[PDB]
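Just one chain follows, in the form deposited in one PDB entry, and it is written as structure tokens.
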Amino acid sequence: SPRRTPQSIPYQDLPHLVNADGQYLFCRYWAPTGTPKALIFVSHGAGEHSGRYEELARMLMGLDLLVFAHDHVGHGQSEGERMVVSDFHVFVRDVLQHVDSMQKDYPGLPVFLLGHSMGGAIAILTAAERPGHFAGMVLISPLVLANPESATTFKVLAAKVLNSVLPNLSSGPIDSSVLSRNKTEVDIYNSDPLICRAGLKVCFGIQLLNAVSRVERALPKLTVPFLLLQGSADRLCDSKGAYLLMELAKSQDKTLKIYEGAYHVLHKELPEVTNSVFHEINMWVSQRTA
């Protein structure tokens, strides 16, 4: 009997990739009609999935880039216990596998990364693992420093799991209403059956603590060009992390745009913010693929 997604769809009916642990990852592709100018991988964040990026991917494909993505392990239509990961580097390893596979099918093309929130930390660590190989990185509120209160409060819960055997202990779920001012986008996110609504298991949040620690160590070695978009009112990825990334990365091509008053999910924010986000990513990628 065929391997099926967590939603019961046979993987034989869907674009897919099997990772190093034998787990099926659901894949998405948006390819132009002409010859692509570059490849770009879209890295989604915790609890969500690659389908959230449909509009942004179609914009990028309109610039004649070949856009590709997968649902990370434990997310969306990929396999794995929901919101569990043996080690955060699994996400990075799996991105590199997909990138490597695509560079075979479309050799000679520059490859970019785009990531949001946890997906932005994945993008950072992916670039850091292959210095000099990626053409650029677009970061939308990447997880660099967590909100100090959410980091401390959770690090307490972590000390419990780290010292005892408590496999089901979890934090409370994050309130999606504090992550975008656009109420319609909040309602859409809360209506998507592929989104994981439960609170973070402490074991997973420990891996997000690991992500931040590894990002910190990676910064003074990071050289990839990047565009960094950050809201000033981000309740999840503290804006101080965006400033620290601008200060500590060694990249010769780094740009920060701050959206004053905007919340965490900038590509799902008020229309004036989201329209600007799309425009600025368009300009940045266009200038680096011309």
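Quick note: we count residues from 1 along the sequence shown, nothing fancier. Take the two forms, superpose them, and find the largest set of C-alpha atoms that agree within 1.5 Å; that set is the rigid core.
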Report task. Going by the average Cα B-factor in the PDB entry, point out whether 43-51 or 217-225 comes out higher. Result -> 217-225
Report task. Between 52-60 and 32-40, name whichever shows the higher mean Cα B factor according to the PDB entry. Result -> 32-40
Requested in this report: Sort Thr126, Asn147, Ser191, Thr184 by C-alpha B-factor from the entry and give me just the highest.
Outcome: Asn147
Report task. Between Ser180, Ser78, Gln97, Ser171, let me know which has the highest C-alpha B-factor in the entry? Result -> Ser171
Requested in this report: Comparing against every modelled residue in the chain, figure out the third that the C-alpha B-factor of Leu114 lands in (lowest, middle or highest).
Outcome: lowest
Query - Chain third (lowest, middle, highest) by recorded CA B-factor, residue given as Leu166 - result: highest
**Report entry** Third of chain Cα B-factors occupied by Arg82
**Finding:** middle
Report summary line: Among the modelled residues of its chain, the C-alpha B-factor of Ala233 falls in the third labelled lowest
Query raised in the report: Ranked by Cα temperature factor within the chain, is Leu209 in the lowest third, the middle third or the highest third?
Result: highest
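As for the form deposited in another entry, it is not shown, yet the points below apply to it.
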Report task. Please find the residue from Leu96, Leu169, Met83, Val90 showing a Cα shift of 2 angstroms or more between this form and the one not shown, rigid core superposed. Result -> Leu169
Query raised in the report: After the core is matched up, is the C-alpha of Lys160 off by 2 Å or more between this form and the one not shown?
Result: yes
